[PDB]
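Novice: sequence plus experimental coordinates follow:
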Amino acid sequence: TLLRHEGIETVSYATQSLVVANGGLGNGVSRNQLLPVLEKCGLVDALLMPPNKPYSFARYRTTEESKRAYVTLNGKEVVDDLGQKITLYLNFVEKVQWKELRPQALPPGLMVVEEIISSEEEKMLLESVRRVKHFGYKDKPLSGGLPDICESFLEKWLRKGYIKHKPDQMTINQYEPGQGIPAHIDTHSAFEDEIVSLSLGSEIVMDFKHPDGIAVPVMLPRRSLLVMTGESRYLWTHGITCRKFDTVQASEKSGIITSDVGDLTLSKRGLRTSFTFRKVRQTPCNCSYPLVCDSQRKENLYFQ
Ligand SMILES: O=C(O)CCC(=O)C(=O)O
Ligand SMILES: [Mn+2]
Ligand SMILES: [Zn+2]
């Protein structure tokens, strides 16, 4: 979906314009970094770099040079602002155009309970102990169980209705200014459906992405309980992109804030600790999302 959903039509014959994948601004690729490369094949008439996009567009003076770029730059590697290693992929385009999408609701199933605990309770939970610690649990070897300070809050949560499935497994995640968790999807054949995460410490933004291309950055405020179930916990994937700052609604909002709707400002994330509670399931899964399911992808070598 690197460019299919994006509405980027590609052709199989050499043209003056190309499409550099992963060579975009929304990928930490600097113009002072990409251009010096692209010009290693010929005269570059223009270098289009749309904001918040994982790709850019390059046009050469003549298709001869543009053709040389397609053949000597595919597979090439470059360093982003983080200093990581990303692979560049080029392709010929007959028109420079793309699709802009702005989601208007959190992924189906995802819910965000705000101000679940008071400022005092937060301080407590914090002082009760990237770094990671497991509790409850390899669904065969388990431990004494979840701590007492948690068994309560949990009961209080399900007493209300914020969650209707008492967990038994917990994972502690503490992030420091710059850390983050790589996009993933909790194993289907492991933990039950409903999953909740209590985020304390400081604000942070998560990246939920639909398998087709719909990306939705959620805003997880302090003392808030992230509750994801259904399509959001099975199909969509979440993550935390490494960084020390991140765009936010320059106004009030625990949720999805898109661009071109008002004002944007920056915010530095501090120390963030999260309590992710899950419920291990004994039975195999049979959700409506077999493609991202290993419990279902096992009854057929095709997928394996
Ligand atoms: O929201 C968090 O940071 C914790 C949930 C999570 O993605 C995990 O630890 O698998
Ligand atoms: Mn997870
Ligand atoms: Zn499944």
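Specialist: Cool, the structure landed. Numbering: from 1, shown residues only. Ligands and ions are numbered 1, 2, ... in the order given.

Novice: contacting residues around stretch 3-16?
Specialist: Outside stretch 3-16, the residues that touch it by Cβ atoms under 8 Å, 6 or more residues apart in numbering are 19, 21, 45, 55, 59-63, 66-67, 70, 91-95, 97-99, 212-214. C-beta coordinates here come from the backbone N, C-alpha and C atoms, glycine included.

Novice: mind checking how far the host helix or strand of residue 199 is from the chain centre?
Specialist: Here residue 199 sits within strand 195-200, counting by DSSP states H and E. Centroid separation between strand 195-200 and its chain, computed with Cα atoms, centre = their mean, to the nearest Å, is 16 Å.

Novice: buried stuff in it?
Specialist: Of the residues in strand 195-200, those with enough neighbours to count as buried (16 or more other Cβ atoms under 10 Å) are 195-200.

Novice: which of these sits closest to ligand 1?
Specialist: The nearest member of those to ligand 1, counting by Cβ to the nearest ligand atom, is residue 197 at 4.0 Å.

Novice: now the closest one, which residues is it bridged with?
Specialist: When bridges are taken as DSSP bridges, the partners of residue 197 come out as residue 226, residue 276.

Novice: surely it meets residue 233?
Specialist: No. Between residue 197 and residue 233 no contact is recorded; they are 10.8 Å apart, counting by Cβ atoms under 8 Å.

Novice: tell me the secondary structure at residue 157.
Specialist: helix (DSSP: H, G, I helix; E, B strand; the rest coil).

Novice: so who does it touch?
Specialist: If you count contacts by Cβ under 8 Å, 6+ apart, then residue 157 has 116, 163, 196, 225 around it.

Novice: so where does residue 37 fall, helix or strand?
Specialist: Going by DSSP H and E, residue 37 is part of helix 31-38.

Novice: this completes my enquiry, with thanks.
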